[PDB]
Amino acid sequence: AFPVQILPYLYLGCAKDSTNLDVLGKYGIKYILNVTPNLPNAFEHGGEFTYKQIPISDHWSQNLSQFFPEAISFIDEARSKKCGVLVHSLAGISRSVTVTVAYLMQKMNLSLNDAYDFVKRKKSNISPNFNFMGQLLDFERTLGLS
């Protein structure tokens, strides 16, 4: 139905959220972070939207943390001008959740544990793939939060 608001201007969702012009418009979302290699940037052209695509599949072979700096900077670009950004994947449970947790760790200076708890409480169905959680553990070390 509706993407979850994780922080002001920061929304977490699935592919159906990404292709719902009514809901995007309702919540002031004009930035879309498409964390898939294969879903279209549906509304990128000729309109008011700004897209970034992180071409990672929801799969144990994938290195999503290499893209954290690019993803996090794109989210902050939106949020800093009070424009909604939707971080989405196909299901809204793994890739998008991973990027959202990474964002919270860096931007709010949260441990992985505190960031994960925060998101899990707002969206009980989150199911980030085991390799992405391993990569979040590594990213926590690079931030100096462990």
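Note that residue numbering begins at 1 and tracks the sequence as displayed.
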Once average C-alpha B-factors are taken from the entry for 119 to 127 and 18 to 26, the winner is 119 to 127
Looking only at CA atoms, which has the higher mean B factor in the entry: 5 to 13 or 134 to 142?
134 to 142
Between 100, 50, 106, 36, let me know which has the highest C-alpha B-factor in the entry?
106
Of the residues 110, 86, 78, 90, the one whose Cα carries the largest B-factor in the deposited record is 110
Relative C-alpha B-factor of residue 31, binned into the chain's lowest, middle or highest third:
lowest
Lowest, middle or highest third: which one holds residue 61 when the chain's residues are ordered by CA B-factor from the entry?
highest
